[PDB]
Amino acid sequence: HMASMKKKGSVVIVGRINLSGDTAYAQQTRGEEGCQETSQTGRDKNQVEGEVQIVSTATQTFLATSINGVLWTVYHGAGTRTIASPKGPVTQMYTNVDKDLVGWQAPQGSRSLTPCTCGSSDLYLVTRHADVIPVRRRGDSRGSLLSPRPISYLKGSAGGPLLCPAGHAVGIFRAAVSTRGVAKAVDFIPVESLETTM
């Protein structure tokens, strides 16, 4: 009944993949209880840093990547949710279920990647565990893993970036191409598709 109808919480930034130095590593910035509270209020006072955030809802955790002043992630993780911010919940600026893509204005303190113009096919996927996995581009939205991985290894990394050698954004990881639980390739939203959305 109407009086007891609930609202979904906000997406909450709970960590980042630190790419600032010579070593990529995951950092947690909020534990489970704080995450739950922040999802409910939508008020996140934490300082945000970096290009790749680790984000959570009540039920899932995944990644989000800042490119050209927008924090992007997958619809299959975020749905239509707001994101928590210092001033309360922030509404999506982009939503496209057909691309599996959503975006919010990039948090103050975040750094954005630049869309790649290199037209190069040697790529690098960054996972939620801060693994940097070489990927050979095989089409507009596909790349092959030079070393195949169990899908367990990739789960929770949707929303993270594929980067070129010079560190530009080439795409956003969307889905694993897998057989018998082994991923040989990845499917990604190309950055040009983001640029068109913008």
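The first residue of the sequence shown is number 1, and the count goes up from there.
**Q** What stretch has the higher average Cα B-factor here, 75 to 83 or 116 to 124?
**A** Higher mean C-alpha B-factor: 116 to 124.
**Q** Out of 11 to 19 and 172 to 180, which stretch has the higher average CA B-factor listed in the record?
**A** The stretch with the larger average C-alpha B-factor is 172 to 180.
**Q** Report the option among 63, 70, 162, 132 whose CA atom has the maximum B-factor in the deposited record.
**A** Each of 63, 70, 162, 132 was compared by C-alpha B-factor; the highest is 132.
**Q** With respect to C-alpha B-factor, does residue 41 fall in the lowest, middle or highest third of the chain as deposited?
**A** Residue 41: CA B-factor falls in the highest third of its chain.
**Q** Ranked by Cα temperature factor within the chain, is residue 154 in the lowest third, the middle third or the highest third?
**A** It falls in the middle third of the chain.
**Q** Among all modelled residues of this chain, ranked by Cα B factor, put residue 47 in the bottom, middle or top third, i.e. lowest, middle or highest.
**A** Tercile = highest for this residue's CA B-factor.
**Q** Comparing residue 27 with the other modelled residues of its chain, is its CA B-factor in the lowest, middle or highest third?
**A** For residue 27, whose C-alpha B-factor we compare with every modelled residue in the chain, the answer is the lowest third.
**Q** Can you tell me which third, lowest, middle or highest, the CA B-factor of residue 144 falls into for its chain?
**A** Answer is middle: the recorded C-alpha B-factor places it there.
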